[PDB]
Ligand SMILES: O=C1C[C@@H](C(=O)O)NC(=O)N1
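The chain that follows stands alone, in the form deposited without the ligand, written as structure tokens.
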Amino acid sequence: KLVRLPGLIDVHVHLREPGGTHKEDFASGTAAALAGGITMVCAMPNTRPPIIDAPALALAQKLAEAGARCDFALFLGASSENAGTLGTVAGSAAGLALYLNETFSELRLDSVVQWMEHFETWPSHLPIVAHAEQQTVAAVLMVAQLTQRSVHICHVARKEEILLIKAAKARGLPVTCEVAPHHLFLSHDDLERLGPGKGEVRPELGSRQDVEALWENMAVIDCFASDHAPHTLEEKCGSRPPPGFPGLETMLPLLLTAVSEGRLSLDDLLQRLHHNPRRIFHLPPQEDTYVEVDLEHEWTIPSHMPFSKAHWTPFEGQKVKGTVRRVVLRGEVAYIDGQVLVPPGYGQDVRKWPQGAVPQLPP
């Protein structure tokens, strides 16, 4: 017998629209997400143009309302210039994202006092996520303490990063975090097959000592998220290859593979993949939704996946067992074998529903 899960939530996806549409658009990557069992996504702002002001937010909102097959929320991105400007639109976004590593020209921040400015100005009741690596995690965690608010750490990938987040929680601090599936299943010993051109993720894949620390500290991980960062194989193979892994399709397969192996339970999965995203980001229920998946179908991961324009994947040749069966969204039927049945534009900004409104008390 098969099993029906809730509509699952992926809170870190790069969707390339606008300004990278040959890599993926909303329609392409919302489709990749349903063929992987995700019904709500959170879009990062490092598009071109970057989503760093109300006009670019409104532009992304209109492009996404007409192209998203599942539901979605959009991230504002913190810049050197926009601290204190975003108060009008802060509630429409998934939250504010801080790019504290790998300096995009227009998402770069010059100093920690600039990080302070955002933690002050952004309304202390809406989410804040952080692209922080290594000691930067300690640094952003400090600005959170000073400004007496929560912070969400992105793409945790190192033994010291996760250990640092565990000590921050056991001391009671309001910090949450996420782990990407490449850092959970691949390592340095998978880098001879993937080479250097397509082995590009930030943060880089680490050691099996790193991967084992993530699995041993599963109770610190709040959420899984893909870091679905799709490029073409022509781009990753060349001179300046952008880091980032296409993974909205690959994700729920491997996480389901592990559950059969004991590695973690199933309420272990839905807590990281549905309940906590709803919790942390004040996201709402998607009434009359669910995902049927099989739990014995043994397969191998292909050379690429059906729907994502990426047209490759570094999980090529991993034997999994678990497959997306059906996906159905708000009274209608979205995914059934090899094809998707909801059209570009069926999805909606969850922040424009009222139960997606983030609770706030007037102080």
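Note that residue numbering begins at 1 and tracks the sequence as displayed.
Heads up, the form deposited with the ligand bound isn't pictured, but that's what we're talking about next.
Taking 131, 282, 158, 272 one by one, only a single residue has any non-hydrogen atom within 4.5 Å of the ligand in the entry with it bound, and it is 131. Taking a 4.5 Å heavy atom cutoff to the ligand in the entry with it bound, the contact residue among 108, 263, 149, 202 is 202. By the criterion of a heavy atom within 4.5 Å, residue 222 is excluded from the residues contacting the ligand in the entry with it bound. Proximity of residue 14 to the ligand in the entry with it bound: non-hydrogen atoms within 4.5 Å are present. The ligand is not drawn, but in the entry with it bound it has a heavy atom within 4.5 Å of residue 244. Residue contact check for residue 256: none of its heavy atoms lie within 4.5 Å of the ligand in the entry with it bound.
Here the chain stands alone, but in the entry with it bound its contact with the ligand, taken as any heavy atom within 4.5 Å, falls in 224-232 among 115-123, 224-232, 274-282, 167-175. Contacts between stretch 45-62 and the ligand, counted in the entry with it bound as any heavy atom lying within 4.5 Å, involve 46 alone.
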